[PDB]
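Could you have a look at this structure, given as structure tokens, before my questions?
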Amino acid sequence: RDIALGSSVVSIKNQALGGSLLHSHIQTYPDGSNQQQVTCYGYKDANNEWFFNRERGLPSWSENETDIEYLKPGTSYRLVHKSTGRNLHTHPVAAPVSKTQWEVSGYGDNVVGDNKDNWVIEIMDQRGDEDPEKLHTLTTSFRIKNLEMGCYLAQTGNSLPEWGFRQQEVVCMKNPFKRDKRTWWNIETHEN
């Protein structure tokens, strides 16, 4: 099974030891940008659900489209938090705990946003043999790179303070080692 843009609702699990699910919620950062927090969380929840949308400026996905569009490594996408409708976002703002890395937030919606809402998938490993060019549920390991920034989405290992419910810090890491697993993700749950 393959992941498509719009109609695949996914959870995204980090591959480091201690890795957990990409998460967001209405709470905002007290410092930094004051934007919506993004974290990793360890338990099943609706706030772990994401879907991929088109790059900024293209028409947003709807249920009335002509074809299924499979996610392609190399192509720009917007990673949308299903519960809040905010886009995964980064910027040159110091992360809350890992202060030499960049803060990751939830920003905008379909109309409001900007070029830092665009991310690119890089396939690092495929276990078993379906299309090597496609994202598969729980066998494809991938990095999520911010197109503008050039940085990679990562669960650092640090916990947030109680303003972030002591969830795991997520940052955009500058210049990591390609095999750092903090920066490695897979699709865990996939609902159509």
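Just give me the residues in region 50-74 being in contact with a strand residue (DSSP E or B) (Cβ under 7 Å, 6 or more places away or on another chain) and either without any contact (Cβ under 8 Å) to a residue 60 or more places away in the chain or at positive phi (or both), in sequence order.
Going residue by residue through region 50-74, those that are in contact with a strand residue (DSSP E or B) (Cβ under 7 Å, 6 or more places away or on another chain) are 50-56, 60-61, 68-71, 73-74.
The answer is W50, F51, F52, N53, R54, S60, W61, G74.
Filter region 162-172 down to the residues that are surrounded by fewer than 24 Cβ atoms within 10 Å (Cβ to Cβ), over 10 Å from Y41 (Cα atoms) and touching a residue at least 40 places away in the same chain (Cβ under 8 Å) and list them by number.
Those that are surrounded by fewer than 24 Cβ atoms within 10 Å (Cβ to Cβ), over 10 Å from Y41 (Cα atoms) and touching a residue at least 40 places away in the same chain (Cβ under 8 Å): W163, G164.
Taking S7 as meeting all but one of (1) within 15 Å of the chain's Cα centre (by Cα); (2) part of a loop (DSSP other than H, G, I, E, B); (3) farther than 19 Å from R182 by Cα; (4) not aliphatic (A, V, I, L, M), write down the number of the exception.
The failed condition is (1).
So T90 ticks every box in (1) over 18 Å from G6 (Cβ atoms); (2) out of contact with any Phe, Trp or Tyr (no Cβ under 6 Å at 6 or more places or on another chain) but one. Which box is left unticked?
All conditions pass for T90, except number (2).
As an exercise: evaluate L17 against (1) more than 18 Å from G113 (Cα to Cα); (2) within 14 Å of the chain's Cα centre (by Cα) and give the number of the one condition it does not meet.
Exception for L17: condition (2).
Strands (runs of 3 or more DSSP E) wholly in region 136-192 with at least 1 residues that are over 11 Å from the mean Cα position of the chain (by Cα) and aliphatic (A, V, I, L, M) - which ones?
168-173
Every number in this text was worked out from the coordinates using simple rules, so none of it is lab data. Note: ideal-geometry Cβ built from the backbone for every residue, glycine included; neighbour counts use all protein chains shown.
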